[PDB]
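Data file: run12.tsv. Format and content: TSV, N, CA and C atoms.
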```tsv
chain	number	residue	atom	x	y	z
I	1	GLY	N	241.99	40.96	279.66
I	1	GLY	CA	241.38	39.65	279.73
I	1	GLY	C	242.18	38.60	278.97
I	2	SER	N	242.20	37.38	279.51
I	2	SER	CA	242.94	36.29	278.88
I	2	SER	C	241.98	35.33	278.17
I	3	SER	N	241.92	35.44	276.85
I	3	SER	CA	241.05	34.58	276.05
I	3	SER	C	241.56	33.15	276.04
I	4	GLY	N	242.86	32.99	275.84
I	4	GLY	CA	243.45	31.66	275.81
I	4	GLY	C	243.98	31.29	274.44
I	5	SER	N	243.08	31.11	273.48
I	5	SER	CA	243.46	30.75	272.12
I	5	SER	C	242.44	31.27	271.11
I	6	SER	N	242.94	31.81	270.01
I	6	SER	CA	242.08	32.35	268.96
I	6	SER	C	242.70	32.16	267.59
I	7	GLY	N	241.86	31.90	266.59
I	7	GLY	CA	242.35	31.70	265.24
I	7	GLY	C	241.73	32.67	264.25
I	8	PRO	N	241.76	32.30	262.96
I	8	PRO	CA	241.20	33.13	261.89
I	8	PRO	C	239.68	33.20	261.94
I	9	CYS	N	239.15	34.42	261.97
I	9	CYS	CA	237.70	34.62	262.03
I	9	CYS	C	237.29	35.79	261.13
I	10	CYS	N	236.02	35.78	260.72
I	10	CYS	CA	235.50	36.84	259.86
I	10	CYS	C	234.20	37.41	260.43
I	11	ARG	N	233.87	38.63	260.01
I	11	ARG	CA	232.66	39.29	260.48
I	11	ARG	C	231.68	39.52	259.33
I	12	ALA	N	230.40	39.29	259.60
I	12	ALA	CA	229.36	39.47	258.59
I	12	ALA	C	228.94	40.93	258.48
I	13	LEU	N	228.90	41.44	257.26
I	13	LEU	CA	228.52	42.83	257.03
I	13	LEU	C	227.00	42.96	256.88
I	14	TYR	N	226.35	41.85	256.56
I	14	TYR	CA	224.90	41.84	256.40
I	14	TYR	C	224.32	40.46	256.73
I	15	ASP	N	223.02	40.31	256.52
I	15	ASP	CA	222.35	39.05	256.80
I	15	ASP	C	222.15	38.24	255.52
I	16	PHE	N	222.29	36.93	255.63
I	16	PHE	CA	222.13	36.04	254.47
I	16	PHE	C	221.41	34.76	254.87
I	17	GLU	N	220.37	34.41	254.11
I	17	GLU	CA	219.60	33.20	254.39
I	17	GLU	C	219.95	32.10	253.40
I	18	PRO	N	219.96	30.85	253.89
I	18	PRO	CA	220.29	29.68	253.07
I	18	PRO	C	219.20	29.37	252.05
I	19	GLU	N	219.61	29.13	250.81
I	19	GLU	CA	218.67	28.82	249.74
I	19	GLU	C	218.69	27.33	249.40
I	20	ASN	N	219.88	26.73	249.49
I	20	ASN	CA	220.03	25.31	249.19
I	20	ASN	C	220.57	24.56	250.41
I	21	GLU	N	220.27	23.27	250.47
I	21	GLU	CA	220.71	22.43	251.59
I	21	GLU	C	222.21	22.62	251.84
I	22	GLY	N	222.58	22.75	253.11
I	22	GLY	CA	223.97	22.94	253.46
I	22	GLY	C	224.32	24.39	253.73
I	23	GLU	N	223.83	25.28	252.87
I	23	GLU	CA	224.09	26.71	253.02
I	23	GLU	C	224.14	27.10	254.49
I	24	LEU	N	225.12	27.93	254.85
I	24	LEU	CA	225.28	28.38	256.22
I	24	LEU	C	224.86	29.84	256.37
I	25	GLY	N	223.60	30.05	256.74
I	25	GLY	CA	223.09	31.39	256.91
I	25	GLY	C	223.72	32.11	258.09
I	26	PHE	N	224.22	33.32	257.85
I	26	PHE	CA	224.86	34.11	258.89
I	26	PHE	C	224.01	35.33	259.25
I	27	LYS	N	224.54	36.16	260.14
I	27	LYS	CA	223.84	37.37	260.56
I	27	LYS	C	224.82	38.50	260.83
I	28	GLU	N	224.52	39.68	260.28
I	28	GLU	CA	225.38	40.84	260.46
I	28	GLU	C	225.86	40.95	261.91
I	29	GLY	N	227.14	40.68	262.12
I	29	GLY	CA	227.70	40.75	263.46
I	29	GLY	C	228.23	39.41	263.93
I	30	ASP	N	227.50	38.34	263.63
I	30	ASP	CA	227.90	37.00	264.03
I	30	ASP	C	229.22	36.60	263.36
I	31	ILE	N	230.20	36.23	264.18
I	31	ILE	CA	231.51	35.83	263.66
I	31	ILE	C	231.50	34.37	263.21
I	32	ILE	N	231.88	34.15	261.96
I	32	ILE	CA	231.92	32.80	261.41
I	32	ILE	C	233.34	32.24	261.43
I	33	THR	N	233.54	31.20	262.24
I	33	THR	CA	234.85	30.57	262.35
I	33	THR	C	235.36	30.11	260.99
I	34	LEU	N	236.68	30.01	260.86
I	34	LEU	CA	237.30	29.58	259.61
I	34	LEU	C	238.07	28.28	259.80
I	35	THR	N	237.80	27.31	258.94
I	35	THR	CA	238.47	26.01	259.01
I	35	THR	C	239.18	25.69	257.70
I	36	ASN	N	238.45	25.80	256.60
I	36	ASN	CA	239.01	25.52	255.28
I	36	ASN	C	238.20	26.22	254.19
I	37	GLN	N	238.70	26.14	252.96
I	37	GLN	CA	238.03	26.77	251.82
I	37	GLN	C	237.78	25.76	250.71
I	38	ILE	N	236.56	25.75	250.20
I	38	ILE	CA	236.18	24.83	249.13
I	38	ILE	C	236.16	25.53	247.78
I	39	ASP	N	235.56	26.72	247.74
I	39	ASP	CA	235.48	27.50	246.51
I	39	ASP	C	236.46	28.66	246.54
I	40	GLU	N	236.46	29.45	245.47
I	40	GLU	CA	237.35	30.60	245.37
I	40	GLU	C	236.72	31.84	245.98
I	41	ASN	N	235.41	31.77	246.24
I	41	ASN	CA	234.68	32.89	246.82
I	41	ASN	C	233.87	32.43	248.03
I	42	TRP	N	234.06	31.18	248.43
I	42	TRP	CA	233.35	30.62	249.57
I	42	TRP	C	234.32	30.12	250.63
I	43	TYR	N	233.83	29.95	251.85
I	43	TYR	CA	234.66	29.47	252.95
I	43	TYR	C	233.94	28.39	253.75
I	44	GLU	N	234.64	27.82	254.72
I	44	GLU	CA	234.07	26.77	255.56
I	44	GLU	C	234.35	27.04	257.04
I	45	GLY	N	233.37	26.72	257.89
I	45	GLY	CA	233.54	26.94	259.31
I	45	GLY	C	232.43	26.30	260.12
I	46	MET	N	232.44	26.54	261.43
I	46	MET	CA	231.43	25.98	262.32
I	46	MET	C	230.59	27.09	262.95
I	47	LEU	N	229.28	26.98	262.81
I	47	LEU	CA	228.36	27.97	263.36
I	47	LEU	C	227.07	27.32	263.85
I	48	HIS	N	226.76	27.51	265.13
I	48	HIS	CA	225.56	26.94	265.71
I	48	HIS	C	225.55	25.42	265.58
I	49	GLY	N	226.74	24.82	265.65
I	49	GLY	CA	226.85	23.38	265.53
I	49	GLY	C	226.54	22.89	264.13
I	50	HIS	N	226.64	23.78	263.15
I	50	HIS	CA	226.38	23.43	261.76
I	50	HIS	C	227.59	23.74	260.88
I	51	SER	N	227.97	22.77	260.06
I	51	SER	CA	229.12	22.94	259.17
I	51	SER	C	228.66	23.16	257.73
I	52	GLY	N	228.84	24.39	257.24
I	52	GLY	CA	228.44	24.71	255.89
I	52	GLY	C	229.33	25.77	255.26
I	53	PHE	N	229.06	26.08	253.99
I	53	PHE	CA	229.85	27.08	253.28
I	53	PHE	C	229.11	28.42	253.22
I	54	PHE	N	229.86	29.51	253.21
I	54	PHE	CA	229.28	30.84	253.16
I	54	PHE	C	230.05	31.74	252.19
I	55	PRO	N	229.35	32.72	251.60
I	55	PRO	CA	229.94	33.65	250.65
I	55	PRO	C	230.91	34.62	251.31
I	56	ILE	N	231.90	35.08	250.55
I	56	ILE	CA	232.89	36.01	251.07
I	56	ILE	C	232.52	37.45	250.74
I	57	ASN	N	231.61	37.62	249.79
I	57	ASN	CA	231.16	38.95	249.38
I	57	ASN	C	230.24	39.56	250.43
I	58	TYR	N	230.06	38.85	251.54
I	58	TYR	CA	229.20	39.32	252.61
I	58	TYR	C	229.99	39.50	253.90
I	59	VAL	N	231.08	38.75	254.03
I	59	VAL	CA	231.92	38.82	255.22
I	59	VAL	C	233.32	39.33	254.87
I	60	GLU	N	234.05	39.80	255.88
I	60	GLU	CA	235.39	40.31	255.67
I	60	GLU	C	236.42	39.48	256.43
I	61	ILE	N	237.52	39.15	255.77
I	61	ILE	CA	238.58	38.36	256.38
I	61	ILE	C	239.57	39.24	257.13
I	62	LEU	N	239.45	39.26	258.45
I	62	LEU	CA	240.33	40.06	259.29
I	62	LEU	C	241.69	39.38	259.46
I	63	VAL	N	241.67	38.06	259.63
I	63	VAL	CA	242.90	37.30	259.80
I	63	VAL	C	243.08	36.31	258.66
I	64	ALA	N	244.14	36.51	257.87
I	64	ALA	CA	244.44	35.64	256.75
I	64	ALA	C	244.76	34.22	257.22
I	65	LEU	N	244.06	33.24	256.65
I	65	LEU	CA	244.27	31.84	257.02
I	65	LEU	C	245.75	31.48	256.94
I	66	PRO	N	246.15	30.46	257.72
I	66	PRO	CA	247.54	29.99	257.75
I	66	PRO	C	247.94	29.28	256.46
I	67	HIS	N	246.94	28.83	255.70
I	67	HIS	CA	247.20	28.14	254.44
I	67	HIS	C	248.30	28.84	253.65
I	68	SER	N	249.23	28.05	253.12
I	68	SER	CA	250.34	28.59	252.35
I	68	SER	C	250.26	28.14	250.89
I	69	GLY	N	250.98	28.84	250.02
I	69	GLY	CA	250.98	28.51	248.61
I	69	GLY	C	250.69	29.70	247.73
I	70	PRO	N	250.39	29.44	246.45
I	70	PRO	CA	250.09	30.50	245.47
I	70	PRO	C	248.76	31.19	245.76
I	71	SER	N	248.74	32.51	245.62
I	71	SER	CA	247.53	33.29	245.86
I	71	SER	C	247.61	34.65	245.18
I	72	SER	N	246.46	35.28	244.98
I	72	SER	CA	246.40	36.58	244.34
I	72	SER	C	247.56	37.46	244.78
I	73	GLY	N	248.54	37.64	243.89
I	73	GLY	CA	249.69	38.45	244.20
I	73	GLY	C	250.37	39.00	242.96
```
Mind turning the file's structure into structure tokens?
Amino acid sequence: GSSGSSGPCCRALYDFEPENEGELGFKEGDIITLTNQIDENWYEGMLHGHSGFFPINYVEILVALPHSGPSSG
């Protein structure tokens, strides 16, 4: 199959509900697109037409973002 174009994406290992405004609640299985990073343990993406931040201790990064520079090494 020809998808066309694909970028960095992550998979949720469990379910997480938003506690504070903005929070981006995910669901075990739902792939959360990756756009940018605000925190050192949080990420940013688009899900259900909503732009919010989500924890990394719940999802796994399959494709390392294109971002370049200093990083855990």
### Query
Using only C-alpha atoms, which of the listed residues (I:1, I:22, I:49, I:8) sits closest to residue 61 (chain I)?
I:8
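Take the candidates I:27, I:35, I:70, I:52 and check each one against residue 15 (chain I) using only N, CA and C atoms; the shortest distance goes to I:27.
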If you run DSSP on the backbone, which residues of chain I are strand (DSSP E or B), as a PDB file with N, CA and C atoms, in the frame of the given file?
```pdb
ATOM      1  N   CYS I   9     239.150  34.420 261.970  1.00  0.00           N
ATOM      2  CA  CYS I   9     237.700  34.620 262.030  1.00  0.00           C
ATOM      3  C   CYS I   9     237.290  35.790 261.130  1.00  0.00           C
ATOM      4  N   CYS I  10     236.020  35.780 260.720  1.00  0.00           N
ATOM      5  CA  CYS I  10     235.500  36.840 259.860  1.00  0.00           C
ATOM      6  C   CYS I  10     234.200  37.410 260.430  1.00  0.00           C
ATOM      7  N   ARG I  11     233.870  38.630 260.010  1.00  0.00           N
ATOM      8  CA  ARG I  11     232.660  39.290 260.480  1.00  0.00           C
ATOM      9  C   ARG I  11     231.680  39.520 259.330  1.00  0.00           C
ATOM     10  N   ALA I  12     230.400  39.290 259.600  1.00  0.00           N
ATOM     11  CA  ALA I  12     229.360  39.470 258.590  1.00  0.00           C
ATOM     12  C   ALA I  12     228.940  40.930 258.480  1.00  0.00           C
ATOM     13  N   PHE I  16     222.290  36.930 255.630  1.00  0.00           N
ATOM     14  CA  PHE I  16     222.130  36.040 254.470  1.00  0.00           C
ATOM     15  C   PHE I  16     221.410  34.760 254.870  1.00  0.00           C
ATOM     16  N   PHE I  26     224.220  33.320 257.850  1.00  0.00           N
ATOM     17  CA  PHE I  26     224.860  34.110 258.890  1.00  0.00           C
ATOM     18  C   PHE I  26     224.010  35.330 259.250  1.00  0.00           C
ATOM     19  N   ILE I  31     230.200  36.230 264.180  1.00  0.00           N
ATOM     20  CA  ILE I  31     231.510  35.830 263.660  1.00  0.00           C
ATOM     21  C   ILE I  31     231.500  34.370 263.210  1.00  0.00           C
ATOM     22  N   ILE I  32     231.880  34.150 261.960  1.00  0.00           N
ATOM     23  CA  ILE I  32     231.920  32.800 261.410  1.00  0.00           C
ATOM     24  C   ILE I  32     233.340  32.240 261.430  1.00  0.00           C
ATOM     25  N   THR I  33     233.540  31.200 262.240  1.00  0.00           N
ATOM     26  CA  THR I  33     234.850  30.570 262.350  1.00  0.00           C
ATOM     27  C   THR I  33     235.360  30.110 260.990  1.00  0.00           C
ATOM     28  N   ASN I  36     238.450  25.800 256.600  1.00  0.00           N
ATOM     29  CA  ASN I  36     239.010  25.520 255.280  1.00  0.00           C
ATOM     30  C   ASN I  36     238.200  26.220 254.190  1.00  0.00           C
ATOM     31  N   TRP I  42     234.060  31.180 248.430  1.00  0.00           N
ATOM     32  CA  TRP I  42     233.350  30.620 249.570  1.00  0.00           C
ATOM     33  C   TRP I  42     234.320  30.120 250.630  1.00  0.00           C
ATOM     34  N   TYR I  43     233.830  29.950 251.850  1.00  0.00           N
ATOM     35  CA  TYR I  43     234.660  29.470 252.950  1.00  0.00           C
ATOM     36  C   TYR I  43     233.940  28.390 253.750  1.00  0.00           C
ATOM     37  N   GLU I  44     234.640  27.820 254.720  1.00  0.00           N
ATOM     38  CA  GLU I  44     234.070  26.770 255.560  1.00  0.00           C
ATOM     39  C   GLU I  44     234.350  27.040 257.040  1.00  0.00           C
ATOM     40  N   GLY I  45     233.370  26.720 257.890  1.00  0.00           N
ATOM     41  CA  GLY I  45     233.540  26.940 259.310  1.00  0.00           C
ATOM     42  C   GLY I  45     232.430  26.300 260.120  1.00  0.00           C
ATOM     43  N   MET I  46     232.440  26.540 261.430  1.00  0.00           N
ATOM     44  CA  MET I  46     231.430  25.980 262.320  1.00  0.00           C
ATOM     45  C   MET I  46     230.590  27.090 262.950  1.00  0.00           C
ATOM     46  N   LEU I  47     229.280  26.980 262.810  1.00  0.00           N
ATOM     47  CA  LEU I  47     228.360  27.970 263.360  1.00  0.00           C
ATOM     48  C   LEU I  47     227.070  27.320 263.850  1.00  0.00           C
ATOM     49  N   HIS I  50     226.640  23.780 263.150  1.00  0.00           N
ATOM     50  CA  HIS I  50     226.380  23.430 261.760  1.00  0.00           C
ATOM     51  C   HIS I  50     227.590  23.740 260.880  1.00  0.00           C
ATOM     52  N   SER I  51     227.970  22.770 260.060  1.00  0.00           N
ATOM     53  CA  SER I  51     229.120  22.940 259.170  1.00  0.00           C
ATOM     54  C   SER I  51     228.660  23.160 257.730  1.00  0.00           C
ATOM     55  N   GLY I  52     228.840  24.390 257.240  1.00  0.00           N
ATOM     56  CA  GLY I  52     228.440  24.710 255.890  1.00  0.00           C
ATOM     57  C   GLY I  52     229.330  25.770 255.260  1.00  0.00           C
ATOM     58  N   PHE I  53     229.060  26.080 253.990  1.00  0.00           N
ATOM     59  CA  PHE I  53     229.850  27.080 253.280  1.00  0.00           C
ATOM     60  C   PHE I  53     229.110  28.420 253.220  1.00  0.00           C
ATOM     61  N   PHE I  54     229.860  29.510 253.210  1.00  0.00           N
ATOM     62  CA  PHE I  54     229.280  30.840 253.160  1.00  0.00           C
ATOM     63  C   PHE I  54     230.050  31.740 252.190  1.00  0.00           C
ATOM     64  N   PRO I  55     229.350  32.720 251.600  1.00  0.00           N
ATOM     65  CA  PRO I  55     229.940  33.650 250.650  1.00  0.00           C
ATOM     66  C   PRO I  55     230.910  34.620 251.310  1.00  0.00           C
ATOM     67  N   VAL I  59     231.080  38.750 254.030  1.00  0.00           N
ATOM     68  CA  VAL I  59     231.920  38.820 255.220  1.00  0.00           C
ATOM     69  C   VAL I  59     233.320  39.330 254.870  1.00  0.00           C
ATOM     70  N   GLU I  60     234.050  39.800 255.880  1.00  0.00           N
ATOM     71  CA  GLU I  60     235.390  40.310 255.670  1.00  0.00           C
ATOM     72  C   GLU I  60     236.420  39.480 256.430  1.00  0.00           C
ATOM     73  N   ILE I  61     237.520  39.150 255.770  1.00  0.00           N
ATOM     74  CA  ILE I  61     238.580  38.360 256.380  1.00  0.00           C
ATOM     75  C   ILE I  61     239.570  39.240 257.130  1.00  0.00           C
TER      76      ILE I  61
END
```
#### Entry: Of the listed residues I:31, I:24, I:56, I:65, that which approaches residue 10 (chain I) most closely, counting only N, CA and C atoms
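Smallest distance to residue 10 (chain I) is found for I:31.
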### Task
Tell me, in Å to one decimal, how far CA of residue 54 (chain I) is from CA of residue 16 (chain I).
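Separation between CA of residue 54 (chain I) and CA of residue 16 (chain I): 8.9 Å.
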### Query
How many Å lie between CA of residue 7 (chain I) and CA of residue 33 (chain I), rounded to one decimal?
8.1 Å
### Query
Which value, in Å to one decimal, gives the distance between CA of residue 34 (chain I) and CA of residue 47 (chain I)?
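Separation of CA of residue 34 (chain I) and CA of residue 47 (chain I): 9.8 Å.
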### Query
Could you pull the residues within 6.5 Å of residue 12 (chain I), counting all atoms listed in the file, minus those fewer than 4 positions along the same chain, as a PyMOL selection string?
chain I and resi 27-32+58-60
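Closest approach to residue 9 (chain I) among I:45, I:73, I:26, I:63: I:63, based on all atoms listed in the file.
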Please, what is the axis-aligned box for every listed atom of region 62-69 of chain I with 5 Å on each side, as centre and edge lengths in Å to one decimal, as lines of an AutoDock Vina configuration file?
```
center_x = 245.2
center_y = 34.1
center_z = 253.8
size_x = 21.5
size_y = 22.0
size_z = 22.1
```
Do you know which residues are at most 8 Å from residue 53 (chain I) counting all atoms listed in the file, after dropping those on the same chain fewer than 6 positions away, and could you put them as a tab-separated table (two decimals) with N, CA and C atoms, in the coordinates of the input?
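Saved the output as around_34.tsv:
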```
chain	number	residue	atom	x	y	z
I	21	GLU	N	220.27	23.27	250.47
I	21	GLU	CA	220.71	22.43	251.59
I	21	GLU	C	222.21	22.62	251.84
I	22	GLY	N	222.58	22.75	253.11
I	22	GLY	CA	223.97	22.94	253.46
I	22	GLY	C	224.32	24.39	253.73
I	23	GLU	N	223.83	25.28	252.87
I	23	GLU	CA	224.09	26.71	253.02
I	23	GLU	C	224.14	27.10	254.49
I	24	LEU	N	225.12	27.93	254.85
I	24	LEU	CA	225.28	28.38	256.22
I	24	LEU	C	224.86	29.84	256.37
I	25	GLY	N	223.60	30.05	256.74
I	25	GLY	CA	223.09	31.39	256.91
I	25	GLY	C	223.72	32.11	258.09
I	38	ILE	N	236.56	25.75	250.20
I	38	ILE	CA	236.18	24.83	249.13
I	38	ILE	C	236.16	25.53	247.78
I	39	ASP	N	235.56	26.72	247.74
I	39	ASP	CA	235.48	27.50	246.51
I	39	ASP	C	236.46	28.66	246.54
I	42	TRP	N	234.06	31.18	248.43
I	42	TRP	CA	233.35	30.62	249.57
I	42	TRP	C	234.32	30.12	250.63
I	43	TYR	N	233.83	29.95	251.85
I	43	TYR	CA	234.66	29.47	252.95
I	43	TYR	C	233.94	28.39	253.75
I	44	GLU	N	234.64	27.82	254.72
I	44	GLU	CA	234.07	26.77	255.56
I	44	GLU	C	234.35	27.04	257.04
I	45	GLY	N	233.37	26.72	257.89
I	45	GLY	CA	233.54	26.94	259.31
I	45	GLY	C	232.43	26.30	260.12
```
### Task
Choose the residue, out of I:17, I:50, I:11, I:3, that has the smallest atom-to-atom separation from residue 62 (chain I); count only C-alpha atoms.
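Closest to residue 62 (chain I) of all the choices is I:11.
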Could you write region 42-65 of chain I as a PDB file, in the frame of the given file, with N, CA, C and O atoms rebuilt where they are missing?
```
ATOM      1  N   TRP I  42     234.060  31.180 248.430  1.00  0.00           N
ATOM      2  CA  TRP I  42     233.350  30.620 249.570  1.00  0.00           C
ATOM      3  C   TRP I  42     234.320  30.120 250.630  1.00  0.00           C
ATOM      4  O   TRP I  42     235.500  29.887 250.344  1.00  0.00           O
ATOM      5  N   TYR I  43     233.830  29.950 251.850  1.00  0.00           N
ATOM      6  CA  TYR I  43     234.660  29.470 252.950  1.00  0.00           C
ATOM      7  C   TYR I  43     233.940  28.390 253.750  1.00  0.00           C
ATOM      8  O   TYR I  43     232.776  28.083 253.489  1.00  0.00           O
ATOM      9  N   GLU I  44     234.640  27.820 254.720  1.00  0.00           N
ATOM     10  CA  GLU I  44     234.070  26.770 255.560  1.00  0.00           C
ATOM     11  C   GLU I  44     234.350  27.040 257.040  1.00  0.00           C
ATOM     12  O   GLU I  44     235.422  27.517 257.397  1.00  0.00           O
ATOM     13  N   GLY I  45     233.370  26.720 257.890  1.00  0.00           N
ATOM     14  CA  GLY I  45     233.540  26.940 259.310  1.00  0.00           C
ATOM     15  C   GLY I  45     232.430  26.300 260.120  1.00  0.00           C
ATOM     16  O   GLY I  45     231.569  25.606 259.579  1.00  0.00           O
ATOM     17  N   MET I  46     232.440  26.540 261.430  1.00  0.00           N
ATOM     18  CA  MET I  46     231.430  25.980 262.320  1.00  0.00           C
ATOM     19  C   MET I  46     230.590  27.090 262.950  1.00  0.00           C
ATOM     20  O   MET I  46     231.126  28.015 263.557  1.00  0.00           O
ATOM     21  N   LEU I  47     229.280  26.980 262.810  1.00  0.00           N
ATOM     22  CA  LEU I  47     228.360  27.970 263.360  1.00  0.00           C
ATOM     23  C   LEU I  47     227.070  27.320 263.850  1.00  0.00           C
ATOM     24  O   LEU I  47     226.376  26.653 263.080  1.00  0.00           O
ATOM     25  N   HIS I  48     226.760  27.510 265.130  1.00  0.00           N
ATOM     26  CA  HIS I  48     225.560  26.940 265.710  1.00  0.00           C
ATOM     27  C   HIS I  48     225.550  25.420 265.580  1.00  0.00           C
ATOM     28  O   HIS I  48     224.499  24.804 265.413  1.00  0.00           O
ATOM     29  N   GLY I  49     226.740  24.820 265.650  1.00  0.00           N
ATOM     30  CA  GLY I  49     226.850  23.380 265.530  1.00  0.00           C
ATOM     31  C   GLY I  49     226.540  22.890 264.130  1.00  0.00           C
ATOM     32  O   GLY I  49     226.222  21.714 263.932  1.00  0.00           O
ATOM     33  N   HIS I  50     226.640  23.780 263.150  1.00  0.00           N
ATOM     34  CA  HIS I  50     226.380  23.430 261.760  1.00  0.00           C
ATOM     35  C   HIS I  50     227.590  23.740 260.880  1.00  0.00           C
ATOM     36  O   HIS I  50     228.158  24.827 260.955  1.00  0.00           O
ATOM     37  N   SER I  51     227.970  22.770 260.060  1.00  0.00           N
ATOM     38  CA  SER I  51     229.120  22.940 259.170  1.00  0.00           C
ATOM     39  C   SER I  51     228.660  23.160 257.730  1.00  0.00           C
ATOM     40  O   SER I  51     228.150  22.251 257.077  1.00  0.00           O
ATOM     41  N   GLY I  52     228.840  24.390 257.240  1.00  0.00           N
ATOM     42  CA  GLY I  52     228.440  24.710 255.890  1.00  0.00           C
ATOM     43  C   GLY I  52     229.330  25.770 255.260  1.00  0.00           C
ATOM     44  O   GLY I  52     230.240  26.288 255.902  1.00  0.00           O
ATOM     45  N   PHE I  53     229.060  26.080 253.990  1.00  0.00           N
ATOM     46  CA  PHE I  53     229.850  27.080 253.280  1.00  0.00           C
ATOM     47  C   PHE I  53     229.110  28.420 253.220  1.00  0.00           C
ATOM     48  O   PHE I  53     227.877  28.454 253.176  1.00  0.00           O
ATOM     49  N   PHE I  54     229.860  29.510 253.210  1.00  0.00           N
ATOM     50  CA  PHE I  54     229.280  30.840 253.160  1.00  0.00           C
ATOM     51  C   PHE I  54     230.050  31.740 252.190  1.00  0.00           C
ATOM     52  O   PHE I  54     231.246  31.561 251.961  1.00  0.00           O
ATOM     53  N   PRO I  55     229.350  32.720 251.600  1.00  0.00           N
ATOM     54  CA  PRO I  55     229.940  33.650 250.650  1.00  0.00           C
ATOM     55  C   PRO I  55     230.910  34.620 251.310  1.00  0.00           C
ATOM     56  O   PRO I  55     230.775  34.939 252.493  1.00  0.00           O
ATOM     57  N   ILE I  56     231.900  35.080 250.550  1.00  0.00           N
ATOM     58  CA  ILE I  56     232.890  36.010 251.070  1.00  0.00           C
ATOM     59  C   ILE I  56     232.520  37.450 250.740  1.00  0.00           C
ATOM     60  O   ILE I  56     233.047  38.394 251.334  1.00  0.00           O
ATOM     61  N   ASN I  57     231.610  37.620 249.790  1.00  0.00           N
ATOM     62  CA  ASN I  57     231.160  38.950 249.380  1.00  0.00           C
ATOM     63  C   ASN I  57     230.240  39.560 250.430  1.00  0.00           C
ATOM     64  O   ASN I  57     229.697  40.649 250.237  1.00  0.00           O
ATOM     65  N   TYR I  58     230.060  38.850 251.540  1.00  0.00           N
ATOM     66  CA  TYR I  58     229.200  39.320 252.610  1.00  0.00           C
ATOM     67  C   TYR I  58     229.990  39.500 253.900  1.00  0.00           C
ATOM     68  O   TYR I  58     229.625  40.302 254.764  1.00  0.00           O
ATOM     69  N   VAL I  59     231.080  38.750 254.030  1.00  0.00           N
ATOM     70  CA  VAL I  59     231.920  38.820 255.220  1.00  0.00           C
ATOM     71  C   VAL I  59     233.320  39.330 254.870  1.00  0.00           C
ATOM     72  O   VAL I  59     233.723  39.306 253.704  1.00  0.00           O
ATOM     73  N   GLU I  60     234.050  39.800 255.880  1.00  0.00           N
ATOM     74  CA  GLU I  60     235.390  40.310 255.670  1.00  0.00           C
ATOM     75  C   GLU I  60     236.420  39.480 256.430  1.00  0.00           C
ATOM     76  O   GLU I  60     236.212  39.131 257.595  1.00  0.00           O
ATOM     77  N   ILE I  61     237.520  39.150 255.770  1.00  0.00           N
ATOM     78  CA  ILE I  61     238.580  38.360 256.380  1.00  0.00           C
ATOM     79  C   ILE I  61     239.570  39.240 257.130  1.00  0.00           C
ATOM     80  O   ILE I  61     240.418  39.894 256.526  1.00  0.00           O
ATOM     81  N   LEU I  62     239.450  39.260 258.450  1.00  0.00           N
ATOM     82  CA  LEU I  62     240.330  40.060 259.290  1.00  0.00           C
ATOM     83  C   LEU I  62     241.690  39.380 259.460  1.00  0.00           C
ATOM     84  O   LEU I  62     242.728  40.039 259.424  1.00  0.00           O
ATOM     85  N   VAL I  63     241.670  38.060 259.630  1.00  0.00           N
ATOM     86  CA  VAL I  63     242.900  37.300 259.800  1.00  0.00           C
ATOM     87  C   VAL I  63     243.080  36.310 258.660  1.00  0.00           C
ATOM     88  O   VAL I  63     242.293  35.382 258.485  1.00  0.00           O
ATOM     89  N   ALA I  64     244.140  36.510 257.870  1.00  0.00           N
ATOM     90  CA  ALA I  64     244.440  35.640 256.750  1.00  0.00           C
ATOM     91  C   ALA I  64     244.760  34.220 257.220  1.00  0.00           C
ATOM     92  O   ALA I  64     245.614  34.022 258.081  1.00  0.00           O
ATOM     93  N   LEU I  65     244.060  33.240 256.650  1.00  0.00           N
ATOM     94  CA  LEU I  65     244.270  31.840 257.020  1.00  0.00           C
ATOM     95  C   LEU I  65     245.750  31.480 256.940  1.00  0.00           C
ATOM     96  O   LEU I  65     246.524  32.080 256.196  1.00  0.00           O
TER      97      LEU I  65
END
```
